[PDB]
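A.B. asks: Sharing a structure, written as structure tokens. Questions coming.
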Amino acid sequence: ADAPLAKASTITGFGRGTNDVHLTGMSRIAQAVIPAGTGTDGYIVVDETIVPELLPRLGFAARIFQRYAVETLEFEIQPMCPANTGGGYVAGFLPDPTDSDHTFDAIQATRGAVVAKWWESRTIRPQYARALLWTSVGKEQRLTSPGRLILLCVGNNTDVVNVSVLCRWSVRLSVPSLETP
Amino acid sequence: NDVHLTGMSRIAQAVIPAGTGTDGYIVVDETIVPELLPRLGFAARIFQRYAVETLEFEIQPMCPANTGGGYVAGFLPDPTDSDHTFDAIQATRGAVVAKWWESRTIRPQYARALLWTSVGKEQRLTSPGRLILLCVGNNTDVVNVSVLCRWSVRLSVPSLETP
Amino acid sequence: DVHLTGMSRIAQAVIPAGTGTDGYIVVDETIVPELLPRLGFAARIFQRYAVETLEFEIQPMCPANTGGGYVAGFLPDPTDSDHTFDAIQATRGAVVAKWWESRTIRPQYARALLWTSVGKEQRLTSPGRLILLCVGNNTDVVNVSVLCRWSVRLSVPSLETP
Amino acid sequence: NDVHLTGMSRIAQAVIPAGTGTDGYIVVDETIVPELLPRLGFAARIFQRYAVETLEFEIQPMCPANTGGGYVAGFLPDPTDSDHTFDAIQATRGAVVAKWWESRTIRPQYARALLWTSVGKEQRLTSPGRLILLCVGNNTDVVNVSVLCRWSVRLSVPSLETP
Amino acid sequence: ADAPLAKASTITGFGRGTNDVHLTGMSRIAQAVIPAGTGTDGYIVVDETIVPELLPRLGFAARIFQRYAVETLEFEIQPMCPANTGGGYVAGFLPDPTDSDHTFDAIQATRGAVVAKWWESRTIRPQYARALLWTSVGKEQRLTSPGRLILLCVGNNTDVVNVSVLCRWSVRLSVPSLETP
Numbered sequence: 034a035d036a037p038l039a040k041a042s043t044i045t046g047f048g049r050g051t052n053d054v055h056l057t058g059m060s061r062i063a064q065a066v067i068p069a070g071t072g073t074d075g076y077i078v079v080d081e082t083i084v085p086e087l088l089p090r091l092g093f094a095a096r097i098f099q100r101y102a103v104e105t106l107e108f109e110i111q112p113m114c115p116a117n118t119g120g121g122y123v124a125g126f127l128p129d130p131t132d133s134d135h136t137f138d139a140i141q142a143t144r145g146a147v148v149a150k151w152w153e154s155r156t157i158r159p160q161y162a163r164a165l166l167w168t169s170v171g172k173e174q175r176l177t178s179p180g181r182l183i184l185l186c187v188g189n190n191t192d193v194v195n196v197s198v199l200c201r202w203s204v205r206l207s208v209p210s211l212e213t214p
Numbered sequence: 052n053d054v055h056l057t058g059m060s061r062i063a064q065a066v067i068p069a070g071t072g073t074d075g076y077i078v079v080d081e082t083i084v085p086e087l088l089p090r091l092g093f094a095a096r097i098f099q100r101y102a103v104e105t106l107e108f109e110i111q112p113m114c115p116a117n118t119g120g121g122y123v124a125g126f127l128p129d130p131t132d133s134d135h136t137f138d139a140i141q142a143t144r145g146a147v148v149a150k151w152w153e154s155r156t157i158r159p160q161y162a163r164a165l166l167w168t169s170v171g172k173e174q175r176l177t178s179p180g181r182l183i184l185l186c187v188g189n190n191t192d193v194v195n196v197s198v199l200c201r202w203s204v205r206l207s208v209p210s211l212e213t214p
Numbered sequence: 053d054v055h056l057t058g059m060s061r062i063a064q065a066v067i068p069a070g071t072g073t074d075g076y077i078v079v080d081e082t083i084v085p086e087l088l089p090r091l092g093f094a095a096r097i098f099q100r101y102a103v104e105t106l107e108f109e110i111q112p113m114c115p116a117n118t119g120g121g122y123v124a125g126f127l128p129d130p131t132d133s134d135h136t137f138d139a140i141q142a143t144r145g146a147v148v149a150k151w152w153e154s155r156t157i158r159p160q161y162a163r164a165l166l167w168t169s170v171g172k173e174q175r176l177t178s179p180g181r182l183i184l185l186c187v188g189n190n191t192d193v194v195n196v197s198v199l200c201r202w203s204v205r206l207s208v209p210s211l212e213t214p
Numbered sequence: 052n053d054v055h056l057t058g059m060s061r062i063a064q065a066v067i068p069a070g071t072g073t074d075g076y077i078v079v080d081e082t083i084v085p086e087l088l089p090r091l092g093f094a095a096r097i098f099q100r101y102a103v104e105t106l107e108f109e110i111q112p113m114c115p116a117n118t119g120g121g122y123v124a125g126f127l128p129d130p131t132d133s134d135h136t137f138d139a140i141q142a143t144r145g146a147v148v149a150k151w152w153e154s155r156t157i158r159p160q161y162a163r164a165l166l167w168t169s170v171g172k173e174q175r176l177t178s179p180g181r182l183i184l185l186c187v188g189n190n191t192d193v194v195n196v197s198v199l200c201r202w203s204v205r206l207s208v209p210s211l212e213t214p
Numbered sequence: 034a035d036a037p038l039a040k041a042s043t044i045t046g047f048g049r050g051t052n053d054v055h056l057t058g059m060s061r062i063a064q065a066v067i068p069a070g071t072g073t074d075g076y077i078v079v080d081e082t083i084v085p086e087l088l089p090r091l092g093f094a095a096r097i098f099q100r101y102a103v104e105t106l107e108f109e110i111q112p113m114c115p116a117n118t119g120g121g122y123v124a125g126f127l128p129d130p131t132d133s134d135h136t137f138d139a140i141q142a143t144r145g146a147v148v149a150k151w152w153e154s155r156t157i158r159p160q161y162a163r164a165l166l167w168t169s170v171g172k173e174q175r176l177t178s179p180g181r182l183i184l185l186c187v188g189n190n191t192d193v194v195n196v197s198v199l200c201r202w203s204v205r206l207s208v209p210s211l212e213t214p
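Residue numbers (the deposited numbering), protein chains in the order written: chain C, 34 to 214; chain B, 52 to 214; chain A, 53 to 214; chain B', 52 to 214; chain C', 34 to 214. A prime marks a further copy of an entry chain.
This is how it looks when you write it as structure tokens:
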């Protein structure tokens with residue numbers, strides 16, 4: 034063949050990244066310790082929203098993709114103390130990522146909330162939002178985090194309690210990009 | 052020529068007084084080199100190249116039932132010199148977590164390559180990973196954990212070291 | 053993908069009388085592709101070599117009135133600190149003879165797949181060492197000249213400039 | 052014993068300023084000896100006798116499309132010292148001719164005998180022909196031609212030269 | 034269609050000459066005359082190599098092609114004198130194009146050598162090299178000529194003899210070129 038002024042660019046597959054992944058696992062959320070005597074009713078033990086940062090393997094993989102949709106999400110409380118404590122706790126899951134629910138009556142009211150003594154561990158099967166959210170931060174909180182975990186004591190514990198809440202997540206990140214945190 | 056050993060052996064043992072051991076306190080962080088296993092330590096002073104077939108761990112802690120803290124353990128197949136946290140042990144396959152009176156079983160995901168026994172300039176060819184056992188609670192009384200192993204390996208290529 | 057064979061001298065040393073007591077290391081050189089003169093011009097082509105057979109000879113040269121002796125072996129650790137008698141004796145394919153006696157080493161190689169160029173880790177570029185040390189006390193001037201008998205299957209073509 | 056090499060390698064490269072290179076101007080005339088091919092040059096320093104199985108050439112010239120001269124090339128299986136003209140290259144089998152921006156492919160007719168590598172008193176036993184690339188036009192701008200090769204050979208009878 | 038910077042050269046069949054020819058014929062090689070009395074035993078009458086120059090139609094057609102391979106090659110001696118001569122000759126064909134074989138014993142020894150009186154003509158069916166040679170000259174002679182014809186007298190002839198050797202050749206020139214002699 035003959036010779037033109039400029040041959041066309043033969044970049045064939047450009048911007049054809051992967052689309053759909055499924056990440057699962059289990060990772061803790063937070064952990065605290067309470068001395069004896071402290072921790073009457075209504076004392077907030079842990080209140081941390083489920084942003085993708087607190088799940089550590091997801092937060093290194095949501096810096097690629099744009100949108101995620103939580104398929105299954107369950108929680109395990111696991112306090113650690115012998116059976117001579119005798120206080121208690123209440124655990125729940127509130128799908129508002131707002132900043133004012135600190136009472137026993139709000140947490141007991143939600144779907145799939147548990148209450149037990151400090152020597153017993155329970156399991157939360159919550160009522161999550163099942164929508165399709167965003168990953169990066171913005172002005173509005175209701176599009177980037179599917180709720181909060183609130184755990185607070187209900188009695189007056191005798192010895193030192195030691196709770197360590199966990200999280201069993203599964204998610205379907207999609208729409209590839211890359212941001213800067 | 053070619054052998055097939057089994058065994059069961061102490062890796063390490065540590066003791067923790069009361070007050071010590073908040074979350075993230077490393078109790079034992081040691082690589083799986085042949086110098087730590089006792090019966091393989093005498094047998095890898097003979098041969099040169101081994102390849103692990105099956106390898107499993109048990110934690111076996113020993114404390115009264117009024118302790119009320121806990122531990123986490125795992126197996127990281129990077130034998131680097133920097134993973135001291137909870138979240139690196141969270142990610143791995145075959146990790147365990149329980150209270151201080153309870154024994155659990157680590158079923159790891161090893162490399163199944165073919166390694167060396169002696170030391171060298173590169174670390175990745177002489178040890179198929181690390182065991183990390185770190186306390187997650189804040190214990191009440193003195194515990195005494197004693198981690199075990201269960202190793203099966205197929206040593207070959209005869210030589211003799213001078214350590 | 054080729055297959056090369058040949059035979060090549062590795063090294064040579066001469067030892068006067070009195071010098072060369074027991075444990076005096078006569079020669080110690082790794083099996084790097086630079087030392088074999090036909091393979092040194094053929095490792096400059098390809099990238100990966102995997103040895104099939106590798107045998108040695110010792111062929112020392114002295115009159116029959118010297119009466120010392122030697123020991124020879126093959127260590128598949130290309131490390132940089134091995135100066136002893138016991139590790140050479142206990143390997144597979146080790147020999148012991150007099151300085152006018154010639155033997156033949158049939159060692160236990162690695163049969164892995166290595167790299168030709170030099171690098172930071174020595175365990176992927178040279179599948180062994182050859183250590184030779186005296187065991188008696190020499191009387192006359194000896195002259196050792198070790199050999200090699202290699203066979204290898206170079207592949208994945210390139211061109212280095214060492 | 053017996054090998055079979057392939058490859059692809061630069062034979063030669065020349066540069067021509069403007070004004071130079073009328074018809075019949077020899078750009079490159081070099082015999083196909085093992086000293087010119089790079090990868091075979093290291094491999095024919097080992098063995099003694101080779102025999103070419105397939106051997107092809109490409110011209111690959113590099114100039115802007117405003118040059119407007121041209122070249123001719125060929126392959127003469129006499130490795131003599133006198134063929135410097137257009138008409139000897141005309142006769143041969145597998146010759147090419149194009150303008151300076153166009154690459155063409157020489158598919159020659161070689162000897163398929165069994166040759167030697169080193170030098171000798173007779174020239175016909177050590178090189179299976181010559182490549183001749185000579186300009187046929189009278190070019191406008193600076194060209195830069197870079198002829199390639201594509202050799203496949205079956206070296207045998209091991210030795211070692213001292214060049 | 035549209036107009037580029039330069040249209041490609043449409044030289045289609047370039048360097049596609051003829052490949053295989055078969056030339057035959059008959060042509061003399063050399064001719065001599067011997068006076069009476071001269072020509073004892075061992076006197077060389079004719080010793081000329083079979084280079085393609087001495088065959089005249091082949092030498093004008095081997096200046097094109099590179100390589101030739103002699104398929105059939107026979108010789109005829111044809112002396113010319115009456116039956117009152119009474120000497121003799123010996124003819125042969127030596128596939129060395131060297132330069133030292135001058136005796137009766139070397140010529141009689143080869144395959145297809147003849148010996149007869151001067152009034153009788155014979156025919157040589159020789160043992161040629163049947164290889165594939167070159168046409169142009171070079172340093173080594175053994176690749177460019179398939180042997181020599183040597184004819185020498187064996188008796189002491191009485192009258193003037195007159196021999197005229199010939200050559201029936203057939204050849205398959207190939208691999209086209211053109212040289213300068």
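Every residue gets a Cβ at the ideal spot worked out from N, C-alpha and C, and that includes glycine.
1) Along the segment 101-119 of chain B, where does the CB come closer than 7 angstroms to a CB of chain C? Name the residues.
2) Need the endpoints of the alpha helix (DSSP H) that C:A164 sits in, please.
3) Between A:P85 and chain B', is there a C-beta pair that is closer than 8 angstroms?
4) Which residues bound the alpha helix (DSSP H) around B':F93?
5) According to DSSP, A:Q64 sits in a beta bridge with which residue or residues?
6) Among B':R96, B':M59, B':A139, which residue has its Cα nearest to the Cα of B':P214?
7) Name the residue from C':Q111, C':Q160, C':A146 whose alpha carbon lies nearest to the alpha carbon of C':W152.
8) So, helix, strand or coil for B':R100, using DSSP?
9) Just to make sure I have the definition right: I need the residues of chain C' whose C-beta is within less than 9 angstroms of the C-beta of C:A36. Which are they?
10) May I ask which residues mark the beginning and end of the alpha helix (DSSP H) holding B:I140?
11) For the 8 angstroms Cβ check, are there 3 or more pairs between the segment 100-119 of chain B and the segment 152-172 of chain B?
12) Could you name the residues of the same chain whose beta carbon sits closer than 8 angstroms to that of C':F137, not counting the 5 residues immediately before and after it, in chain order?
13) Start and end of the beta strand (DSSP E) containing C:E81?
14) Could you tell me whether the segment 61-68 of chain A touches the segment 61-69 of chain B, where touching means 3 or more Cβ pairs closer than 8 angstroms?
15) What's the gap between the Cα of B:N117 and the Cα of C:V196?
16) Short of 8 angstroms Cβ to Cβ, which residues in the segment 42-66 of chain C face chain B?
17) Nearest by alpha-carbon distance to C':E212: which of C':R49, C':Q99, C':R90, C':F47 is it?
18) With a cut-off of 8 angstroms on the beta carbons, I'd call A:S178 and A:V84 a contact; round off their distance for me.
19) Along the chain, where does the beta strand (DSSP E) containing residue 16 of chain B start, and where does it finish?
20) Output yes or no for whether 8 angstroms exceeds the beta carbon distance between C':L199 and C':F108.
21) Using a C-beta cutoff of 8 angstroms, does A:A142 count as contacting chain B?
22) So C:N195 contacts chain B; which residues on that side make the cut at Cβ distance below 8 angstroms?
23) Got a sec, what are the start and stop residues for the beta strand (DSSP E) B':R181 sits in?
24) How would you call B:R181, buried or exposed, if buried means at least 16 neighbouring beta carbons within 10 angstroms?
25) In angstroms with no decimal places, state the Cα-to-Cα distance between A:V147 and A:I183.
26) Using only the alpha-carbon positions, how far apart do C':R201 and C':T105 sit?
27) From C':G119 to C':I157, what distance separates their C-alpha atoms?
28) Give the secondary structure of C:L176 by DSSP, where H, G and I count as helix, E and B as strand, and everything else as coil.
29) In the DSSP assignment, what are the bridge partners of C:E109?
30) Does the distance from the CB of A:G125 to the CB of A:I140 come in under 8 angstroms?
31) List, in order along the chain, the chain B residues whose C-beta lies closer than 7 angstroms to that of A:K172?
32) Would you mind working out which of B:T168, B:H55, B:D53, B:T191 sits nearest B:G92, comparing C-alpha positions?
33) Under 8 angstroms by Cβ, that's how I've got A:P128 and A:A162 pegged, so tell me the actual separation to the nearest angstrom.
34) For chain B', is any of its Cβ atoms less than 8 angstroms away from the one on A:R90?
35) Between A:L211 and chain B', is any beta-carbon pair separated by less than 8 angstroms?
C.D. replies: In brief:
1) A116, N117, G119
2) Taking the first sequence and counting its residues from 1, one reaches residue 164 of chain C at position 131. Run containing C:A164: none; DSSP gives neither H nor E here.
3) Counted from its first residue, the third sequence places residue 85 of chain A at position 33. Answer no: the Cβ-Cβ gap between A:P85 and chain B' never drops below 8 angstroms.
4) Locating residue 93 of chain B' in the fourth sequence gives position 42, counting from the first residue. Per DSSP, B':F93 belongs to the alpha helix (DSSP H) from 89-94.
5) Walking along the third sequence from the start, residue 64 of chain A turns up at place 12. Partner(s): A:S197.
6) One-based indexing of the fourth sequence puts residue 214 of chain B' at position 163. Cα-wise, what sits closest to B':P214 is B':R96.
7) Taking the first residue of the fifth sequence as 1, we reach residue 152 of chain C' at position 119. It is C':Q111.
8) Start at 1 with the first residue of the fourth sequence, and residue 100 of chain B' comes out as number 49. Note: B':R100 maps to strand in three-state DSSP.
9) Counted from its first residue, the first sequence places residue 36 of chain C at position 3. Near C:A36 (Cβ distances below 9 angstroms), the residues of chain C' are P37, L38, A39, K40, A41.
10) To locate residue 140 of chain B, count along the second sequence from 1; it is residue 89. That run of the alpha helix (DSSP H) goes 138-142.
11) yes
12) Locating residue 137 of chain C' in the fifth sequence gives position 104, counting from the first residue. Cβ neighbours of C':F137 beyond the five flanking positions: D74, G75, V123, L185, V187.
13) For the purposes of this step, residue 81 of chain C is taken as the residue at position 48 of the first sequence. Looking at the DSSP string, the run of the beta strand (DSSP E) that includes C:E81 is 77-82.
14) no
15) By one-based count along the second sequence, residue 117 of chain B stands at place 66. By one-based count along the first sequence, residue 196 of chain C stands at place 163. When rounded, the distance between both Cα atoms is 15 angstroms.
16) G58, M59, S60, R61, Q64, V66
17) Along the fifth sequence, one-based indexing puts residue 212 of chain C' at 179. Of the candidates C':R49, C':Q99, C':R90, C':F47, the one whose C-alpha sits nearest the C-alpha of C':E212 is C':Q99.
18) Numbered from its first residue, the third sequence carries residue 178 of chain A at position 126. Numbered from its first residue, the third sequence carries residue 84 of chain A at position 32. A:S178 to A:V84, Cβ: 5 angstroms. Contact.
19) The structure shown does not extend to residue 16 of chain B, since chain B spans only 52 to 214, so no value can be given for it.
20) Taking the fifth sequence and counting its residues from 1, one reaches residue 199 of chain C' at position 166. Taking the fifth sequence and counting its residues from 1, one reaches residue 108 of chain C' at position 75. In contact: C':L199 and C':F108 (Cβ atoms closer than 8 angstroms).
21) On the third sequence, position 90 is the one that residue 142 of chain A refers to. Yes - at least one Cβ of chain B is within 8 angstroms of the one on A:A142.
22) For the purposes of this step, residue 195 of chain C is taken as the residue at position 162 of the first sequence. Within chain B, the residues near C:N195 are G119, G120, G121, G188, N189.
23) Locating residue 181 of chain B' in the fourth sequence gives position 130, counting from the first residue. Element bounds for B':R181: 181-186.
24) In the second sequence, the residue the question calls residue 181 of chain B occupies position 130. By the 10 Å Cβ count, B:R181 comes out buried.
25) For the purposes of this step, residue 147 of chain A is identified with residue 95 of the third sequence, where counting begins at 1. For the purposes of this step, residue 183 of chain A is identified with residue 131 of the third sequence, where counting begins at 1. Whole-angstrom Cα-Cα distance: 12 angstroms.
26) Along the fifth sequence, one-based indexing puts residue 201 of chain C' at 168. Along the fifth sequence, one-based indexing puts residue 105 of chain C' at 72. So the alpha carbons of these two residues sit roughly 8 angstroms apart.
27) Against the fifth sequence, residue 119 of chain C' aligns to sequence position 86. Against the fifth sequence, residue 157 of chain C' aligns to sequence position 124. If you take the alpha carbons of C':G119 and C':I157, they lie about 21 angstroms apart.
28) By 1-based counting over the first sequence, the position of residue 176 of chain C is 143. Looking at C:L176 - three-state DSSP - the assignment turns out to be helix.
29) Residue numbering aside, residue 109 of chain C sits at position 76 when the first sequence is read from its first letter. Answer is C:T156, C:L199.
30) Numbered from 1 along the third sequence, position 73 holds the residue referred to as residue 125 of chain A. Numbered from 1 along the third sequence, position 88 holds the residue referred to as residue 140 of chain A. Yes.
31) Within the third sequence, numbered from 1, the residue matching residue 172 of chain A stands at position 120. Those are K172, listed as they occur along chain B.
32) Sequence index remark: in the second sequence, residue 92 of chain B carries index 41 (1-based). Here the closest residue by C-alpha is B:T168.
33) In the third sequence, the residue the question calls residue 128 of chain A occupies position 76. In the third sequence, the residue the question calls residue 162 of chain A occupies position 110. Rounded, the Cβ-Cβ distance is 5 angstroms, consistent with contact.
34) Within the third sequence, residue 90 of chain A is the residue found at index 38, counting from 1. A:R90 counts as touching chain B'.
35) The residue you call residue 211 of chain A lines up with position 159 of the third sequence. Interface residue, yes.
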